[PDB]
J.: 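Structure provided below as structure tokens; questions to follow.
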Amino acid sequence: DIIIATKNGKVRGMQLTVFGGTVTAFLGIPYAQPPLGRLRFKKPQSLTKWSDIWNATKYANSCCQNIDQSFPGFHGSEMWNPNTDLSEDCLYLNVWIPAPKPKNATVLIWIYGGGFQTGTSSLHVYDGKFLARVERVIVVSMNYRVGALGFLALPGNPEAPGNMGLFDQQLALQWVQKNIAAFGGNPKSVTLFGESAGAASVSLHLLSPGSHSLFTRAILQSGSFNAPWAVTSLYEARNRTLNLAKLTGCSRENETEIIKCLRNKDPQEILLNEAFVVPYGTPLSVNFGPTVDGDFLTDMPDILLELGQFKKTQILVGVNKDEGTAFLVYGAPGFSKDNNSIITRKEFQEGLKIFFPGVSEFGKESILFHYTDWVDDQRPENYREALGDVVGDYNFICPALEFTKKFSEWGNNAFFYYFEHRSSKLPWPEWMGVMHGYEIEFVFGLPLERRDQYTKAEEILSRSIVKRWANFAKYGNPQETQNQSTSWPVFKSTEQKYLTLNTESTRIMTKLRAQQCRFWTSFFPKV
Ligand SMILES: *[C@@H]1O[C@H](CO[C@@H]2O[C@@H](C)[C@@H](O)[C@@H](O)[C@@H]2O)[C@@H](O[C@@H]2O[C@H](CO)[C@@H](O)[C@H](O)[C@H]2NC(C)=O)[C@H](O)[C@H]1NC(C)=O
Ligand SMILES: *[C@@H]1O[C@H](CO[C@@H]2O[C@@H](C)[C@@H](O)[C@@H](O)[C@@H]2O)[C@@H](O[C@@H]2O[C@H](CO)[C@@H](O)[C@H](O)[C@H]2NC(C)=O)[C@H](O)[C@H]1NC(C)=O
Ligand SMILES: *[C@@H]1O[C@H](CO[C@@H]2O[C@@H](C)[C@@H](O)[C@@H](O)[C@@H]2O)[C@@H](O[C@@H]2O[C@H](CO)[C@@H](O)[C@H](O)[C@H]2NC(C)=O)[C@H](O)[C@H]1NC(C)=O
Ligand SMILES: CN(C[C@H]1CCN(Cc2ccccc2)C1)S(=O)(=O)c1ccc2ccccc2c1
Ligand SMILES: *[C@@H]1O[C@H](CO[C@@H]2O[C@@H](C)[C@@H](O)[C@@H](O)[C@@H]2O)[C@@H](O)[C@H](O)[C@H]1NC(C)=O
Ligand SMILES: CC(=O)N[C@H]1[C@H]([C@H](O)[C@H](O)CO)O[C@@](O)(C(=O)O)C[C@@H]1O
Ligand SMILES: *[C@@H]1O[C@H](CO)[C@@H](O)[C@H](O)[C@H]1NC(C)=O
Ligand SMILES: *[C@@H]1O[C@H](CO)[C@@H](O)[C@H](O)[C@H]1NC(C)=O
Ligand SMILES: [Cl-]
Ligand SMILES: [Cl-]
């Protein structure tokens, strides 16, 4: 029986057996008033103390969200879908502490991804008990609001000011600040990490002034705020908040009477209508997301980045080899997970229209021209592989690289990885490669469980990554020093060195996707 006194009351945890040892899990600790009723769309309000012993012995409700129902019964898709009841009452967090209770442990805070539209901390691949067990860190994860319910914006209007899901996250970091010492954690040694929209979130916390002092270091996996999907324009955010009001019959002249009306809709009505607030959706549409609210974000993040207006600290940043392939089977014609997806030139061109719907003919012609100068025009996988790189290079790799140059240019140490191992248990087809999101189980140390059908070389790779991530959190330096591991050099804007992560050989390489990212980061923004 392990009871910890938090500032808001006592919480009871449970005991786990991990690898012939013990982790104490506290699952589902509330960190805010439930954002219900008049509280829907407003910033999260602080929690009133309780007198009982709160029982933190199972994962809490996931936040309301639309579900990937594209591949029913397929583990490759459904593993990302919520594994707890959806509810608007979802502002809860989890804590894994090592046993015995540590003395002053480094804290890892996980922020999940999902396009700011989907996700939950209770997913199996976000289980923090292995990290607690193996590296003696405390792992914290939190649920934050998503979709319109977390990112609707009438900017300047406190009834729907925007960025609430980011303020959810921030209130969770604040909770760790006031309470993790009671769990044996060091509030002065808190490393944020997250993937995709989680990584975009971590990166905005580097920019937000109200987060500066709620963490120490940052890890960005497959995501950053400067990615083209990450920050909604304050124009579009208003156009989208208005389109939802018309779709639900809530159109009013007094913008506040609009919020009141949207607050008497059932969550299902708000959810079914989110996809239509944009005129041309894509598999990557962030219908409702981060915006420049004047509160969490004070200026356009590109400006802040360029002019050195962020928290000065170390960053670990990285991307996977085939970031784009996942999205191709969600709309791109000629694509399927259930065949090799050889597409034609004309099918490739049609794919650009799906992914670049508001881009000019010349801009689409320009993606085609820089990605279809073939070595061997006769290879039939040419066009299929070109469309995946187009989506991955544009949406993930090039902004992640451009974020790391810009950030390091202001003096801080930066470390960049290129994860190029395809999980031996991966359920998607092989042409899909080293997919978006399939480094996460390695970061969380799931291949360390021998019962889990991973190969031994995978257990070695996960163990090494877990050491590197924990040494970055503890010491700012993501080395593995005992076994004769490749030393991981700092990413400088001059030489641009990065580390490959694979089961075979860990190499140091230079200037990733250099020809591709010159197109994306210089030419393409002008179109
Ligand atoms: C909170 O938990 C206490 C302690 O019980 C523990 O947690 C439970 C979820 C279960 O797994 C138990 O086996 C654990 O030991 C609960 O205390 C029990 O309360 C009921 C009715 O109130 C009583 O009949 C039992 O004898 C109590 N003790 C045990 C060991 O069951 C308490 O009820 C829980 N409260 C809430 C709000 O969930
Ligand atoms: C800003 O919003 C208008 C209106 O959105 C339309 O109506 C909403 C209620 C919702 O159902 C959306 O899906 C609709 O698109 C947009 O105007 C539309 O633009 C498309 C082409 O871009 C056109 O075919 C529609 O007929 C237009 N509808 C109306 C009522 O004017 C407008 O494009 C949005 N602005 C941006 C920058 O996307
Ligand atoms: C690969 O599959 C796609 C998807 O089509 C569906 O899934 C298949 C696996 C099979 O079960 C079909 O019955 C389904 O239609 C194929 O794309 C379709 O292609 C046909 C003819 O080319 C076209 O009429 C449809 O519009 C396409 N549908 C979509 C959603 O794009 C594709 O042709 C297959 N290619 C190869 C090389 O296997
Ligand atoms: C509807 N979604 C997208 C579908 C395609 C991927 N599918 C989950 C998955 C993940 C990994 C491997 C296989 C399947 C869900 S989404 O999660 O809401 C979303 C929306 C916008 C985004 C913009 C940028 C980056 C990520 C984004 C995610
Ligand atoms: C490091 O490697 C271990 C197994 O290798 C053996 O033990 C190490 C400590 C060296 O003495 C080496 O000569 C041996 O061959 C793993 O058990 C251990 O988990 C690894 N650690 C990390 C962080 O990857
Ligand atoms: C998930 C949710 O929304 N509510 C509650 C669930 C379900 O309502 C019931 O199990 C019926 O499904 O049950 C609890 O009350 C329980 O007694 O364990 C906990 C939780 O708060
Ligand atoms: C924890 O570590 C910090 C330094 O990082 C130190 O100032 C603090 O006093 C320590 N507290 C405990 C309880 O060990
Ligand atoms: C909108 O309605 C609310 C509630 O009735 C009121 O407080 C606010 O002043 C109104 N604003 C305008 C511009 O009418
Ligand atoms: Cl050709
Ligand atoms: Cl060019």
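Each residue takes its place number in the sequence, starting with 1.
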J.: Please name the residue in the list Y31, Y92, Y112 that meets the ring pair (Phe, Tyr, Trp, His ring centres under 6.0 Å) test with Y144.
T.: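 Of the listed residues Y31, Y92, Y112, the ring pair (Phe, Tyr, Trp, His ring centres under 6.0 Å) partner of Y144 is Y112.
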J.: Should the heavy atoms of other residues, nucleotides or ligands under 6.0 Å from NZ of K353 be counted, would the total exceed 12?
T.: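 Atom NZ in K353 is not packed in, count stays at 12 or less.
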J.: What is the distance from atom CG of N163 to atom NZ of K43, rounded to the nearest 0.5 Å?
T.: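 Answer rounded to 0.5 Å: 10.0 Å.
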J.: Checking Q221 against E439 for the side-chain hydrogen bond (donor to acceptor under 3.5 Å, both in side chains) test, could you report, in this order, the C-alpha distance in whole Å, the side-chain angles of both residues, the deciding distance, and whether it holds?
T.: CA-CA 9 Å; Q221 310 167 198; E439 92 286 353; 2.9 Å; yes
J.: Going through the checks in order, is the side-chain hydrogen bond (donor to acceptor under 3.5 Å, both in side chains) test met by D393 and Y371?
T.: CA-CA 11 Å; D393 290 345; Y371 277 89; 2.8 Å; yes
J.: Specify the closest pair of heavy atoms between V107 and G185, including all atoms of both residues, with the distance to one decimal.
T.: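 Scanning both residues, the minimum pair turns out to be CG2-CA, 4.2 Å.
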J.: Quick one: does NZ or CZ of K129 land under 6.0 Å from the six-membered ring centre of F444, within 45 degrees of the ring axis?
T.: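 Cation-pi check for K129 and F444: fails.
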J.: So does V277 get a backbone contact from the side chain of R240, meaning a donor-acceptor N/O pair under 3.5 Å?
T.: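 No.
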J.: With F151, which of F288, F116, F41 fulfils ring pair (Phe, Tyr, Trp, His ring centres under 6.0 Å)?
T.: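 Testing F151 for a ring pair (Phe, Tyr, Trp, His ring centres under 6.0 Å) against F288, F116, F41 leaves exactly one candidate, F116.
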J.: With the threshold set at 4.0 Å, does a side-chain nitrogen-carboxylate oxygen contact exist between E88 and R145?
T.: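 Looking at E88 and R145, the cut-off is not met.
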J.: Please verify the inter-ring angle class for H370 with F523; under 30° counts as parallel, over 60° as perpendicular, anything in between as tilted.
T.: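 Correct class here is perpendicular.
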J.: Treating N320 as the side-chain partner and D322 as the backbone partner, does any N or O pair qualify as donor plus acceptor under 3.5 Å?
T.: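 No.
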J.: Measure the acute angle between the ring planes of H436 and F396, then classify it against the limits of 30° and 60° as parallel, tilted or perpendicular.
T.: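 Rings of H436 and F396: tilted, as their planes differ by 30° to 60°.
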J.: For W469 and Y417, take the angle between the two ring planes, folded into 0 to 90°, and tell me which bin it lands in: parallel under 30, tilted 30 to 60, perpendicular over 60.
T.: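 The rings of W469 and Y417 sit tilted, inter-plane angle from 30° to 60°.
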J.: Given the rule in the ring pair (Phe, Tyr, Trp, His ring centres under 6.0 Å) test, do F356 and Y394 qualify, once you have shown the distances and angles that lead to the verdict?
T.: CA-CA 11 Å; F356 297 91; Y394 167 63; 5.0 Å; yes
J.: Report yes or no: do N61 and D89 form a side-chain donor-acceptor pair below 3.5 Å?
T.: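 No, because no side-chain N or O of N61 sits under 3.5 Å from a partner of the opposite role on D89.
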J.: So, for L149 and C64, which heavy atoms are closest and what is the spacing to 0.1 Å?
T.: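 Closest approach of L149 to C64: CD1-CB, 3.7 Å.
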J.: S222 and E323: side-chain hydrogen bond (donor to acceptor under 3.5 Å, both in side chains), yes or no, with the steps?
T.: CA-CA 8 Å; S222 303; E323 298 273 11; 2.7 Å; yes
J.: Walk me through it: do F472 and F193 pass the test ring pair (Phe, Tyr, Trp, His ring centres under 6.0 Å)?
T.: CA-CA 11 Å; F472 176 75; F193 73 136; over 10 Å; no
J.: Would you please indicate yes or no on a ring centroid separation below 6.0 angstrom for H205 and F296?
T.: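 Judged by ring-centre distance (under 6.0 Å), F296 and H205 do meet the cut-off.
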J.: Taking atom CD as the centre, does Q515 end up with more than 12 heavy-atom neighbours from other residues, nucleotides or ligands that are less than 6.0 angstrom away?
T.: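 Counting neighbours around CD of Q515, 12 or fewer heavy atoms of other residues, nucleotides or ligands fall under 6.0 Å, so no.
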J.: Could you check whether atom NZ of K321 has more than 12 heavy atoms from other residues, nucleotides or ligands sitting under 6.0 Å from it?
T.: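 12 or below, so no.
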J.: Determine, stepwise, if the pair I315 / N412 fulfils side-chain contact (heavy atoms from CB on, under 4.5 Å).
T.: CA-CA 8 Å; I315 52 157; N412 317 276; over 6 Å; no
J.: Do you know the tightest heavy-atom contact between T291 and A153?
T.: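 In terms of heavy atoms, the two residues are closest at CG2-CB, 4.1 Å.
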J.: Less than 4.0 angstrom from a charged side-chain N to a carboxylate O is my criterion; do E402 and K406 meet it?
T.: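 Looking at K406 together with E402, the answer is yes, because their closest N to O distance falls below 4.0 Å.
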J.: Would you find more than 12 non-hydrogen atoms of other residues, nucleotides or ligands less than 6.0 Å from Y475 atom OH?
T.: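 For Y475, atom OH is not crowded (no more than 12 foreign heavy atoms under 6.0 Å).
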J.: How many angstroms lie between atom OG1 of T84 and atom OH of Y59, to the nearest 0.5 angstrom?
T.: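 Result: 10.0 Å between the selected atoms.
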J.: Let me see the working for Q479 and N477 under side-chain hydrogen bond (donor to acceptor under 3.5 Å, both in side chains), right down to the final yes or no.
T.: CA-CA 6 Å; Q479 317 296 328; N477 206 347; 2.7 Å; yes
J.: How about CZ on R263, more than 12 heavy atoms from neighbouring residues, nucleotides or ligands closer than 6.0 Å, or not?
T.: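 More than 12 heavy atoms, drawn from other residues, nucleotides or ligands, come within 6.0 Å of this atom.
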J.: Look at the side chain of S77 and the backbone N and O of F71, then say whether any donor-acceptor pair between them is shorter than 3.5 Å.
T.: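 Yes; at least one donor-acceptor contact below 3.5 Å.
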J.: Could you check whether any side-chain N or O of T510 sits under 3.5 Å from a backbone N or O of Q496, counting only pairs where one atom can act as donor and the other as acceptor?
T.: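 Between the backbone of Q496 and the side chain of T510 there is no qualifying donor-acceptor contact (under 3.5 Å).
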J.: Could you tell me whether the side chain of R422 and the main chain of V434 form a donor-acceptor pair under 3.5 Å?
T.: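 Answer holds: no.
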J.: Please confirm whether the backbone N or O of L204 pairs with a side-chain atom of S208, one donor and one acceptor, at under 3.5 Å?
T.: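 Flag not set: sc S208 to bb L204 has no pair under 3.5 Å.
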J.: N471 side chain to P478 main-chain N or O, any donor-acceptor pair under 3.5 Å?
T.: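 A pair under 3.5 Å: no.
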J.: side-chain contact (heavy atoms from CB on, under 4.5 Å), that's the test. Do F415 and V317 meet it? Break it down for me.
T.: CA-CA 6 Å; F415 304 91; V317 188; over 6 Å; no
J.: Just how far is it from atom CE of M142 to atom OG of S121, taken to the nearest 0.5 Å?
T.: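 Answer rounded to 0.5 Å: 8.0 Å.
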J.: Establish, from distance only, whether the side-chain atoms of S211 and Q170 form a donor-acceptor pair under 3.5 Å.
T.: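 There is such a pair between these side chains.
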J.: Answer yes if the side chains of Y330 and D68 hold a donor-acceptor pair under 3.5 Å, and no otherwise.
T.: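 Side chains of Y330 and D68: pair found under 3.5 Å.
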J.: Would the distance check show the side chain of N179 and the main-chain N or O of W175 forming a donor-acceptor pair, the cut-off being under 3.5 Å?
T.: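 Pair found, side chain donor or acceptor close to backbone of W175.
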J.: Distance check, rounded to the nearest 0.5 Å: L91 atom CG versus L171 atom CG?
T.: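 Going from CG on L91 over to CG on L171, the span is 8.0 Å.
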J.: Applying side-chain contact (heavy atoms from CB on, under 4.5 Å), run through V390 and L352 and close with a yes or a no.
T.: CA-CA 9 Å; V390 162; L352 296 189; 4.2 Å; yes
J.: Nearest heavy-atom pair of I270 and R40: which atoms, and what distance?
T.: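 Shortest heavy-atom contact: CD1-NH1, 3.7 Å.
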J.: Indicate whether any N or O donor in one side chain lies under 3.5 Å from an N or O acceptor in the other, for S224 and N226.
T.: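 A donor-acceptor contact under 3.5 Å links the two side chains.
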J.: In terms of ring plane angle, is the pair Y126 and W110 parallel, tilted or perpendicular, where the classes change at 30° and 60°?
T.: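 Judged by the thresholds at 30° and 60°, the geometry between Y126 and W110 is tilted.
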J.: In Å and rounded to the nearest 0.5 Å, what is the CG to CZ distance from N395 to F327?
T.: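 Reported to 0.5 Å precision, the distance equals 7.0 Å.
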J.: Look at the SG atom of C90 and the SG atom of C63, then say if they are under 2.5 Å from each other.
T.: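 Yes.
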J.: Please round to the nearest 0.5 Å and tell me the distance separating atom CD of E274 and atom CG of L152.
T.: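 With rounding to 0.5 Å, CD (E274) is 9.0 Å from CG (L152).
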J.: More than 12 foreign heavy atoms under 6.0 Å from NZ of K312: is that the case here?
T.: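 Count over threshold, so yes.
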J.: Would you say the side-chain atoms of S196 pair up with the backbone N or O of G198, donor to acceptor, closer than 3.5 Å?
T.: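 Such a contact is absent between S196 side chain and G198 backbone.
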J.: Indicate whether any N or O donor in one side chain lies under 3.5 Å from an N or O acceptor in the other, for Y498 and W488.
T.: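 Distance-only check fails for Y498 and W488.
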J.: Check whether any side-chain N or O of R217 sits under 3.5 Å from a backbone N or O of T191 as a donor-acceptor pair, and report yes or no.
T.: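 No; zero donor-acceptor contacts below 3.5 Å.
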J.: Take atom NZ of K497 as the centre, draw a 6.0 Å sphere, and report whether it contains more than 12 heavy atoms from other residues, nucleotides or ligands.
T.: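 It does not: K497 NZ has 12 such atoms or fewer within range.
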J.: Under a 3.5 Å cutoff, is there a donor and acceptor pairing between the side chains of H421 and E458?
T.: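 Looking only at side-chain atoms, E458 and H421 do form a donor-acceptor pair, the distance falling under 3.5 Å.
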J.: Please report the C-alpha distance between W80 and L123 in whole Å, then the side-chain angles of each, then the deciding distance to 0.1 Å, and finally whether the side-chain contact (heavy atoms from CB on, under 4.5 Å) criterion is met.
T.: CA-CA 7 Å; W80 301 109; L123 288 185; 4.0 Å; yes
